[PDB]
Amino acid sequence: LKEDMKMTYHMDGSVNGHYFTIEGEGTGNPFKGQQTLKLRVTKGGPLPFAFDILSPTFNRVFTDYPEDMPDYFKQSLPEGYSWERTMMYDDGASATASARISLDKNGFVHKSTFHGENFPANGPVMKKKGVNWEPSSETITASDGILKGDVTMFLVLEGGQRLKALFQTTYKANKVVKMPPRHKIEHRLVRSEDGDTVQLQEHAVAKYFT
């Protein structure tokens, strides 16, 4: 690892049975928990839903961990880890996702999938009324060599509303690492658009409870 890393992204996904592919590149400082991504829809575009439902799928290596806390994700390198995720929305929509994080000569390789269903046809997701996720705090717990993450998510929508979702994730390293205590990761993710390339910026900091 170094302070200036590169990443590449490939996602195959679908939402309400409409399939798409996204590719892109990123840079970040994994020690400061900072990453900036540049993503392009290469098949199935333009997306007929709010991009925000995909953005958390696009890497806890980029988490600022305290020096004295075991860092599950950085320990996993160079082999890396994978995760599986469920996302349950307050409107009845639901989605699953998975990702595998590894390293080649250029930097991180991020390969993900996404499957979303039952987003209401006339609702803010399918009408593209997402703005940004509110900052959130994911609780991370350790058991039997794997981590589980739990976070209640609020998508800010146009017109002042919010849509709630429950995200649950299981993070699985390839090898045995030193396991952390129960803790939280504070996430701040911002999306920006320019009719060509979607930008995501995330800052993430791990901290002890209390």
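In this text, residue numbers run from 1 along the sequence as written.
Deposited-sequence gap flanked by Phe58 and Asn59: Per the deposited record, the segment joining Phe58 and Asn59 lacks coordinates for 1 to 3 residues.
Can you tell me whether 67-75 has a higher mean C-alpha B factor than 108-116 in this record, or the other way round? It is 67-75.
Could you check which stretch, 25-33 or 174-182, carries the larger mean CA temperature factor in the entry? Taking the mean C-alpha B-factor of 25-33 and of 174-182, the larger value falls to 174-182.
When the CA B-factors of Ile53, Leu39, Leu163, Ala142 are compared as recorded in the entry, which is the largest? Among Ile53, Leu39, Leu163, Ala142, the highest C-alpha B-factor in the entry belongs to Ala142.
What's the residue among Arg188, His10, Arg191, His18 with the greatest CA temperature factor in the PDB record? Out of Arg188, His10, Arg191, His18, the record gives the largest C-alpha B-factor to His18.
How does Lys129 rank on Cα B-factor within its chain, lowest, middle or highest third? Its C-alpha B-factor belongs to the highest third of this chain's values.
Ordered by C-alpha B-factor within the chain, which third holds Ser102? Give me lowest, middle or highest, please. As the PDB entry reports it, the C-alpha B-factor of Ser102 lands in the highest third of its chain.
Give the position of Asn122 by CA B-factor within its chain, expressed as the lowest, middle or highest third. Within its chain, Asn122 is a highest-third residue by C-alpha B-factor, going by the deposited values.
Within this chain, which third does the Cα B-factor at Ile146 fall in: lowest, middle or highest? Its C-alpha B-factor belongs to the highest third of this chain's values.
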